Amino acid sequence: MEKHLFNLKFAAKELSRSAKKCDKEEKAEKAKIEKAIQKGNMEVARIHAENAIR
Amino acid sequence: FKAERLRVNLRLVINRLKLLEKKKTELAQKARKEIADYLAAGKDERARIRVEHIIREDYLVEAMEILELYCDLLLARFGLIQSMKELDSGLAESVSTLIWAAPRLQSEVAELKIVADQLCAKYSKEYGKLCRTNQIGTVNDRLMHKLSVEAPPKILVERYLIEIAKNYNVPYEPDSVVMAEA
Amino acid sequence: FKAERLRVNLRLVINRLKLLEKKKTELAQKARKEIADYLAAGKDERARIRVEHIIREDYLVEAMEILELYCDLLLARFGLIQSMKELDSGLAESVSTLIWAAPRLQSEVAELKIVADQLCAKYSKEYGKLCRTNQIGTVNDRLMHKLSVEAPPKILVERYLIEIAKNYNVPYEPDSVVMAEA
Amino acid sequence: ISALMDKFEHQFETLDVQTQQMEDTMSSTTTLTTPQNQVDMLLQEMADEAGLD
Amino acid sequence: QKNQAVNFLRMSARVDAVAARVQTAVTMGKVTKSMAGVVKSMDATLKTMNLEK
């Protein structure tokens with residue numbers, strides 16, 4: 001019975017960690033957008049903006 | 001047919017139509033962005049038929065909403081429907097509207113089909129077979145037209161083109177020959 | 001013939017004609033650069049026939065656009081076409097225009113051929129065989145000439161040579177003997 | 001050779017349509033997680049102040 | 001030597017381009033296969049996991 005408890009806690013901490021990554025990537029992606037639109041590129045700026053949002 | 005099947009399937013149908021509704025709204029929005037791209041560069045006509053696809057998905061949104069409603073209604077009085085062998089005045093609508101909406105929406109949602117059977121066989125009163133085909137005239141007509149597939153009158157289409165043109169701020173010159181007539 | 005084949009193939013046809021259109025535009029542009037190279041150095045004549053190849057690919061661009069449109073139209077009212085055994089007034093055009101455009105464009109696009117069959121066999125009313133050959137006079141004539149292969153009148157050609165000469169800034173002296181006549 | 005080459009054009013042309021199709025369904029399945037409105041206001045957000053740092 | 005430099009370098013360009021599109025073709029291939037994989041496993045696990053249960 002313990003096995004399932006441990007898998008649930010594991011899945012929880014798992015989801016937290018992955019969420020944390022996606023957030024970190026989000027910030028990095030803002031930065032990357034700024035570098036992008038600094039050139040004047042309106043396409044790369046698009047798909048970067050998009051990936052930031054998602 | 002069983003009761004629990006009917007209940008569980010109704011709840012799953014509500015969830016399903018919920019997510020599917022929200023998603024169809026977002027998809028519609030994005031495609032409207034596409035319209036805004038067309039009208040600012042290329043031909044009007046292409047944009048026009050494209051927004052006919054738009055008006056289709058919109059009608060599906062609305063339809064799914066009202067149908068969702070009737071589902072929820074049947075789920076609320078569901079305590080009652082487990083008793084009478086005859087549908088009473090209150091449910092005399094949503095029964096027909098939901099049953100009849102099966103063959104249209106079956107592709108988007110299968111659970112709607114299974115529910116359609118679950119009700120269909122609970123009634124030997126004017127449901128199933130030719131009797132089923134003959135009780136389905138009495139459904140909600142509004143839902144019937146919102147759902148039914150026919151090309152919209154071009155004035156409506158061109159209206160949408162006006163609005164879409166406006167929101168993203170592109171100049172558009174709607175034919176003055178259409179506005180005169182209906 | 002099946003319905004789903006018709007749908008999926010229409011969507012693939014739209015995509016196909018889209019990419020193929022964009023690409024033909026770019027290719028045309030580059031070749032126009034080649035024209036600009038010729039008129040500034042060598043003979044006019046060679047440049048002239050070369051821009052006849054240009055005018056060909058241009059006509060293919062335009063054609064693919066209008067045909068793309070009719071495809072999209074059939075795809076929008078596609079909900080309707082799955083019911084009637086007879087094509088109604090609305091689709092009475094794109095059916096013929098798309099069917100008839102099969103043997104011309106088959107090399108660029110095969111999916112257009114498969115669609116052509118899918119419609120061809122859905123109708124025992126004036127489609128297929130000699131009846132098919134006899135319903136194909138009623139298509140869009142504009143598309144017919146835009147697509148049909150015949151050498152353009154030399155005034156049009158020489159007009160293109162004028163413009164191409166201008167954009168890349170090379171001196172060009174169009175024969176004054178052509179401008180007089182048509 | 002020349003035959004092999006027009007065969008080549010047609011071939012990778014089909015590659016491109018495969019690509020396009022794939023990305024349409026692939027981007028219309030997860031599309032709940034990327035609203036259009038949100039992206040608009042984001043891109044604008046990083047538009048006005050873009051080079052101001 | 002100089003004109004050869006031009007000629008070779010040109011070949012390098014075009015061959016590089018085809019190399020790129022082939023790259024895209026392969027990676028596209030991988031994505032397609034793997035995606036088919038998830039659709040199937042998830043499907044046969046959607047048959048005994050079907051929502052009612």
# chains A, B, ... in the order shown; residues from 1 in each chain; ligands from 1
$ interface_residues --of "chain D" --to "chain B" --cutoff "8 Å" --atoms "only C-alpha atoms" --output "PyMOL selection string"
chain D and resi 28+31-32+35-36
$ residues_around --residues "residue 47 in chain D" --least-positions-apart "2" --cutoff "12 Å" --atoms "only C-alpha atoms" --output "ChimeraX atom specification"
/A:30,33-38,40-42,45-46,49 /D:39-45,49-53
$ write_last_selection --atoms "N, CA, C and O atoms" --output "short mmCIF file (atom, residue, chain, number, x, y, z; two decimals), in the first residue's frame"
data_model
loop_
_atom_site.label_atom_id
_atom_site.label_comp_id
_atom_site.auth_asym_id
_atom_site.auth_seq_id
_atom_site.Cartn_x
_atom_site.Cartn_y
_atom_site.Cartn_z
N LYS A 30 11.11 35.88 -22.29
CA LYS A 30 10.94 37.33 -22.38
C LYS A 30 12.24 37.96 -22.85
O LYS A 30 12.26 38.72 -23.84
N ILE A 33 12.88 37.44 -26.40
CA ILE A 33 12.02 38.28 -27.22
C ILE A 33 12.60 39.65 -27.39
O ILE A 33 12.63 40.19 -28.50
N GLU A 34 13.07 40.24 -26.30
CA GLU A 34 13.61 41.59 -26.41
C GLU A 34 14.79 41.62 -27.38
O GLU A 34 14.83 42.46 -28.29
N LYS A 35 15.74 40.69 -27.20
CA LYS A 35 16.84 40.59 -28.17
C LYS A 35 16.32 40.48 -29.60
O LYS A 35 16.88 41.08 -30.51
N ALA A 36 15.27 39.69 -29.79
CA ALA A 36 14.73 39.47 -31.12
C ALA A 36 14.20 40.75 -31.73
O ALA A 36 14.62 41.15 -32.82
N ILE A 37 13.28 41.41 -31.04
CA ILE A 37 12.60 42.56 -31.62
C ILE A 37 13.56 43.75 -31.68
O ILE A 37 13.27 44.75 -32.32
N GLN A 38 14.71 43.62 -31.03
CA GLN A 38 15.72 44.66 -31.13
C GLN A 38 16.21 44.83 -32.56
O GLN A 38 16.55 45.93 -32.98
N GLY A 40 14.33 44.25 -35.23
CA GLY A 40 13.22 44.65 -36.08
C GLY A 40 12.54 43.49 -36.79
O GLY A 40 11.73 43.70 -37.69
N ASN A 41 12.88 42.27 -36.39
CA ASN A 41 12.24 41.07 -36.93
C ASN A 41 10.85 40.89 -36.36
O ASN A 41 10.69 40.78 -35.16
N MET A 42 9.84 40.86 -37.23
CA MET A 42 8.47 40.73 -36.76
C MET A 42 7.91 39.32 -36.81
O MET A 42 6.72 39.11 -36.56
N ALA A 45 10.00 37.36 -33.52
CA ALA A 45 9.37 38.02 -32.38
C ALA A 45 8.01 37.42 -32.11
O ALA A 45 7.58 37.31 -30.96
N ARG A 46 7.35 36.97 -33.17
CA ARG A 46 6.03 36.38 -33.03
C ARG A 46 6.17 35.05 -32.33
O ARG A 46 5.66 34.89 -31.23
N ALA A 49 7.13 35.29 -28.83
CA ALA A 49 6.07 35.77 -27.96
C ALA A 49 5.12 34.63 -27.63
O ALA A 49 4.73 34.42 -26.47
N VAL D 39 -1.38 36.69 -26.45
CA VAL D 39 -0.19 36.93 -27.26
C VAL D 39 -0.16 38.35 -27.80
O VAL D 39 0.89 38.98 -27.82
N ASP D 40 -1.31 38.86 -28.23
CA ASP D 40 -1.37 40.25 -28.67
C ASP D 40 -0.87 41.18 -27.59
O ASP D 40 0.10 41.92 -27.81
N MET D 41 -1.48 41.14 -26.41
CA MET D 41 -1.07 42.06 -25.36
C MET D 41 0.37 41.85 -24.92
O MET D 41 1.03 42.79 -24.49
N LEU D 42 0.87 40.63 -25.03
CA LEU D 42 2.26 40.39 -24.69
C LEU D 42 3.18 41.09 -25.66
O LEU D 42 4.06 41.85 -25.27
N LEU D 43 2.97 40.80 -26.93
CA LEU D 43 3.83 41.32 -27.97
C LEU D 43 3.80 42.84 -27.97
O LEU D 43 4.80 43.49 -28.26
N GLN D 44 2.65 43.40 -27.62
CA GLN D 44 2.52 44.85 -27.50
C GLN D 44 3.32 45.36 -26.31
O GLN D 44 4.05 46.36 -26.40
N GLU D 45 3.16 44.66 -25.19
CA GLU D 45 3.88 44.92 -23.96
C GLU D 45 5.37 45.05 -24.22
O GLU D 45 6.01 45.98 -23.74
N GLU D 49 7.94 49.19 -25.01
CA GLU D 49 9.16 49.40 -24.24
C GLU D 49 10.37 48.67 -24.83
O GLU D 49 11.42 48.60 -24.20
N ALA D 50 10.21 48.13 -26.04
CA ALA D 50 11.13 47.14 -26.59
C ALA D 50 12.61 47.44 -26.42
O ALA D 50 13.36 46.59 -25.95
N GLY D 51 13.03 48.64 -26.78
CA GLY D 51 14.44 48.99 -26.73
C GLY D 51 14.80 49.90 -25.57
O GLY D 51 15.92 50.39 -25.48
N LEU D 52 13.84 50.11 -24.67
CA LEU D 52 14.03 51.04 -23.57
C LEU D 52 14.83 50.42 -22.43
O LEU D 52 15.53 51.12 -21.71
N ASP D 53 14.71 49.10 -22.28
CA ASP D 53 15.37 48.37 -21.21
C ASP D 53 15.05 48.94 -19.83
O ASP D 53 14.38 48.30 -19.02
#
$ closest_atom_pairs --of "chain E" --to "chain B" --cutoff "10 Å" --atoms "only C-alpha atoms" --output "JSON lines"
{"residue": "E:51", "atom": "CA", "partner": "B:12", "partner_atom": "CA", "distance": 7.8}
{"residue": "E:52", "atom": "CA", "partner": "B:8", "partner_atom": "CA", "distance": 6.8}
{"residue": "E:53", "atom": "CA", "partner": "B:8", "partner_atom": "CA", "distance": 9.6}
$ interface_residues --of "chain C" --to "chain B" --cutoff "8 Å" --atoms "only C-alpha atoms" --output "MDAnalysis selection string"
chainID C and resid 69 72:73 76:77 79:80
$ write_last_selection --atoms "N, CA, C and O atoms" --output "compact mmCIF listing (two decimals), in the first residue's frame"
# COMPACT_ATOMS: atom_id res chain seq x y z
N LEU C 69 -9.71 29.33 -54.33
CA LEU C 69 -10.96 29.91 -53.85
C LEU C 69 -12.14 28.96 -54.00
O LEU C 69 -12.81 28.67 -53.02
N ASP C 72 -12.08 26.22 -51.55
CA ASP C 72 -12.46 26.65 -50.21
C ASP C 72 -13.97 26.82 -50.10
O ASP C 72 -14.56 26.48 -49.07
N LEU C 73 -14.59 27.33 -51.15
CA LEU C 73 -16.04 27.49 -51.19
C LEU C 73 -16.74 26.17 -51.04
O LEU C 73 -17.67 26.03 -50.25
N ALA C 76 -16.62 25.03 -47.58
CA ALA C 76 -17.44 25.74 -46.60
C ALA C 76 -18.88 25.23 -46.59
O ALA C 76 -19.47 25.06 -45.53
N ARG C 77 -19.44 25.01 -47.77
CA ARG C 77 -20.81 24.53 -47.88
C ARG C 77 -20.82 23.01 -47.90
O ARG C 77 -21.85 22.38 -48.10
N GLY C 79 -20.89 20.89 -45.78
CA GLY C 79 -21.91 20.29 -44.95
C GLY C 79 -23.17 20.02 -45.75
O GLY C 79 -23.89 19.06 -45.48
N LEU C 80 -23.43 20.88 -46.73
CA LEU C 80 -24.64 20.76 -47.53
C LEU C 80 -24.52 19.69 -48.60
O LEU C 80 -25.49 18.99 -48.90
$ residues_around --residues "range 86-93 of chain B" --least-positions-apart "2" --cutoff "10 Å" --atoms "only C-alpha atoms" --output "short mmCIF file (atom, residue, chain, number, x, y, z; two decimals) with N, CA and C atoms, in the first residue's frame"
data_model
loop_
_atom_site.label_atom_id
_atom_site.label_comp_id
_atom_site.auth_asym_id
_atom_site.auth_seq_id
_atom_site.Cartn_x
_atom_site.Cartn_y
_atom_site.Cartn_z
N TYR B 70 -29.67 22.14 -22.14
CA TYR B 70 -30.70 21.11 -22.02
C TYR B 70 -30.17 19.86 -21.31
N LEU B 73 -30.24 20.58 -17.68
CA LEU B 73 -31.63 20.54 -17.22
C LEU B 73 -32.09 19.13 -16.96
N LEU B 74 -31.83 18.24 -17.91
CA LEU B 74 -32.21 16.85 -17.71
C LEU B 74 -31.48 16.27 -16.52
N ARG B 77 -33.38 17.52 -13.08
CA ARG B 77 -34.64 16.86 -12.77
C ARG B 77 -34.47 15.35 -12.90
N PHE B 78 -33.23 14.93 -13.13
CA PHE B 78 -32.89 13.53 -13.34
C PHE B 78 -33.42 12.62 -12.25
N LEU B 80 -36.28 12.85 -11.11
CA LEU B 80 -37.67 12.60 -11.48
C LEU B 80 -37.79 11.59 -12.61
N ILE B 81 -36.84 11.62 -13.54
CA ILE B 81 -36.96 10.85 -14.77
C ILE B 81 -36.78 9.36 -14.51
N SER B 83 -38.53 7.70 -12.45
CA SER B 83 -39.80 7.19 -11.96
C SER B 83 -40.84 6.96 -13.05
N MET B 84 -41.29 8.04 -13.68
CA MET B 84 -42.37 7.97 -14.66
C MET B 84 -41.99 7.19 -15.91
N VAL B 95 -35.78 16.29 -24.17
CA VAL B 95 -35.75 14.94 -24.70
C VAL B 95 -35.62 14.97 -26.21
N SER B 96 -36.56 15.63 -26.87
CA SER B 96 -36.55 15.71 -28.33
C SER B 96 -35.33 16.44 -28.84
N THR B 97 -34.99 17.57 -28.23
CA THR B 97 -33.87 18.35 -28.72
C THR B 97 -32.57 17.59 -28.63
N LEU B 98 -32.38 16.84 -27.56
CA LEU B 98 -31.14 16.11 -27.41
C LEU B 98 -31.12 14.90 -28.33
N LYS B 122 -35.44 4.14 -23.67
CA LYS B 122 -36.17 4.25 -22.42
C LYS B 122 -37.63 4.55 -22.71
N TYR B 123 -37.91 4.93 -23.95
CA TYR B 123 -39.28 5.26 -24.32
C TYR B 123 -39.83 4.40 -25.46
N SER B 124 -40.92 3.70 -25.16
CA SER B 124 -41.71 3.02 -26.17
C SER B 124 -42.86 3.93 -26.57
N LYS B 125 -42.91 5.11 -25.96
CA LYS B 125 -43.86 6.13 -26.37
C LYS B 125 -43.23 7.07 -27.37
N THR B 138 -40.73 18.41 -33.28
CA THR B 138 -41.18 19.26 -32.17
C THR B 138 -40.06 19.85 -31.32
N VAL B 139 -38.82 19.68 -31.76
CA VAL B 139 -37.66 20.13 -30.98
C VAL B 139 -37.59 21.65 -30.94
N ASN B 140 -36.57 22.18 -30.28
CA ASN B 140 -36.35 23.61 -30.29
C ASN B 140 -35.95 24.01 -31.70
#
$ residues_around --residues "range 16-21 of chain D" --least-positions-apart "3" --cutoff "6 Å" --atoms "only C-alpha atoms" --output "ChimeraX atom specification"
/C:16 /D:13,24
$ write_last_selection --atoms "N, CA and C atoms" --output "JSON list (two decimals), in the first residue's frame"
[["chain", "number", "residue", "atom", "x", "y", "z"],
["C", 16, "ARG", "N", -1.74, 22.47, -50.57],
["C", 16, "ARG", "CA", -0.88, 22.28, -51.73],
["C", 16, "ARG", "C", -0.84, 23.49, -52.65],
["D", 13, "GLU", "N", 8.41, 19.04, -52.41],
["D", 13, "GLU", "CA", 7.20, 19.86, -52.38],
["D", 13, "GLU", "C", 6.19, 19.17, -51.48],
["D", 24, "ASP", "N", -0.65, 22.43, -38.77],
["D", 24, "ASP", "CA", -2.01, 22.88, -38.51],
["D", 24, "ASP", "C", -2.70, 22.04, -37.45]]
$ select_by_dssp --residues "range 14-142 of chain B" --states "helix (DSSP H, G or I)" --output "PyMOL selection string"
chain B and resi 14-39+44-76+78-81+94-100+102-105+111-120+129-135+141-142
$ atom_distance --atom1 "CA of residue 175 in chain C" --atom2 "CA of residue 40 in chain C"
16.4 Å
